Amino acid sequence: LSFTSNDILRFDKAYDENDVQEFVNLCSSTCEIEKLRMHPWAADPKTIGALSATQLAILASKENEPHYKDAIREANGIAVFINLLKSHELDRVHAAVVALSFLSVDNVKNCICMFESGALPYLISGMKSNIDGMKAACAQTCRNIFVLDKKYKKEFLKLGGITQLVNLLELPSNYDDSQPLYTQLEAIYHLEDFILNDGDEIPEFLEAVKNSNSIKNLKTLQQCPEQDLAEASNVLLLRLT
């Protein structure tokens, strides 16, 4: 066949061998690939770099092989993904968000690494996206990080994270009683996890959530035709009132 880019050959070999470190090294590749879908909302990878980030996300998503989540951290993957978050290429940012969201699940070391490596401002910015999968994944990753340490919650608050979370409570502008309000319900739980330290209410953070559109948005949510959401909204509302 044809001679091809070294990066394409490196990718193909890394793929055959689940070579985590090589995939991380390849995330910086700008080698263009041909048009392809691999994921329900992430933009199609347009380079070997974004494609490598996507394969790493796939490895991180293997429930029955949690060891990949550690291998990826040890390969310096988290710093590499945070760098991709700075990209103006939609597929690079999306792939990094997907990878980081899986890496943050059931892996405290990874969450600590994400905090220490500066992920939060990018993830908080990501909660502003009009793409529901993106905003929900960013919100979940933020939560997985900030529940671990009061200082992480403080930083989240300082960076405007509560503003963005509270905004996730808002209904779509032409809301249709048929469509599920997953992200809204998850955001209720995120806010509770912010306020509470192992079941105990933290006064500072209670006040933070009070000083927002939370009560307004929650009042709107507690009248929706959905028992889980209506009940959850009622519960958090009572706490803030």
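Start at 1 and count along the sequence shown; that's the residue number.
The modelled chain breaks between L36 and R37, where 1 to 3 residues of the deposited sequence lack coordinates.
In this entry, the higher average B-factor at the C-alpha atoms falls on 121 to 129, of the pair 105 to 113 and 121 to 129.
A summary of the deposited B-factors shows that, of 176 to 184 and 66 to 74, the stretch with the larger mean C-alpha value is 176 to 184. Taking only the listed residues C27, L56, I195, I215, the entry reports the highest CA temperature factor at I215. Remark: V98 belongs to the lowest third of its chain, ranked by C-alpha B-factor as recorded. Ranked against the other modelled residues of its chain, the C-alpha B-factor of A42 as given in the entry falls in the lowest third. Sort the chain's modelled residues by C-alpha temperature factor and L85 lands in the lowest third, per the entry. Among all modelled residues in this chain, the alpha-carbon of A50 has a temperature factor (C-alpha) in the lowest third. When the CA B factors of the chain's modelled residues are split into thirds, the value for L171 lands in the highest one.
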